[PDB]
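We begin with a single chain expressed as structure tokens, specifically the form deposited in one PDB entry.
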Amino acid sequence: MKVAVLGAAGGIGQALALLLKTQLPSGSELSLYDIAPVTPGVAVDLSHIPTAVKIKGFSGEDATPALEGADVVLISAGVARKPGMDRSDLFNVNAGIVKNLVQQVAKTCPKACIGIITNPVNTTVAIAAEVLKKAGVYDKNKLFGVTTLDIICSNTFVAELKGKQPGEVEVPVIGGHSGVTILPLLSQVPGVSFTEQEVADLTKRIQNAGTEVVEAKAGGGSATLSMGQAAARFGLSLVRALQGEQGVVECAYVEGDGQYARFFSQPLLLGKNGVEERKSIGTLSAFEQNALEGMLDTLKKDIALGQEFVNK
């Protein structure tokens, strides 16, 4: 069981490598890759931690060494923010990085499950998908846009409001991963009942959580520690499922029946080959159906943007 992390030297990368080193099952292997020179050292730093998990770091323009024999590849490489670039700039830079890395993955470990964390996710898994097709190795069951962060913030906010135990709430979240494309199915949360005003407020807080962090760090960056935690959960769910465990359900952004959009985030049953079964989003409330229809256009443009990036 070998897991590869691309963009390991970054905030999200270090918090993820750290949690994975101390949580992956024994015998498991962890390789880190990043263009930053410090990457081999990050690995050395983590190797001093006494767990049954081998770990190595690599730098350079070639990530082959890190990808060889990998069963899981988590991509958190990219850019969060830099002085001088705006909305367009970030996308322009992250799209290229994703294109390159998924490209190297296609040639090195085409059978690995790929979790993409790099934003914007709605558009980046599309780029990834298109890059895999042009190589003849695309398998929509093994391409996932990591949206777990939305799920845990929801669990947290709901627990806080209804005074529940944080670890007893599991809110399914569908749609996309940005502003109005994030849709928490608050109507499907066992036990708790919500007020229309609370569904309106919560939903708003969940959709803006990322921004809430950025403003708090005062331009100092975006969520890294919570995202690292979120990616870890997703990483282990995949490993567990890839190892034969039963009933591992997780919400992710995959290519399913285009009933709403080519790629949509919905409950998935994970197994030995990635997605085993895309599950029905079930019953939705008036508020939920309205929020859904009112965002399909936006999600489709995000996806469109992505496909156009590859196919020109």
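C-alpha atoms forming the largest set that superposes within 1.5 Å between two forms make up the rigid core. Shifts are known only where both forms have a C-alpha. Note that residue numbering follows the sequence shown and begins at 1.
The discussion below concerns the form deposited in another entry, not included here.
Undergrad: Please name the one residue from 160, 89, 201, 170 with a C-alpha displacement of 2 Å or more between this form and the one not shown, using the rigid core for the superposition.
TA: Result of the superposition: 89 is the only one at 2 Å or more.
Undergrad: Would one find the Cα atoms of residue 59 and residue 85 closer or farther in the other entry than in this form, where their distance changes by 3 Å or more?
TA: Distance between the C-alphas of residue 59 and residue 85: longer in the other entry, by 3 Å or more.
Undergrad: Explain in one word, closer or farther, how the Cα atoms of residue 150 and residue 88 are placed in the other entry relative to this form, where the distance changes by 3 Å or more.
TA: Residue 150 and residue 88 sit closer together in the other entry.
Undergrad: Taking the rigid core as reference, which runs of at least three consecutive residues show Cα movement of 2 Å or more between this form and the one not shown?
TA: Moving region between this form and the one not shown: 81-89, nothing else.
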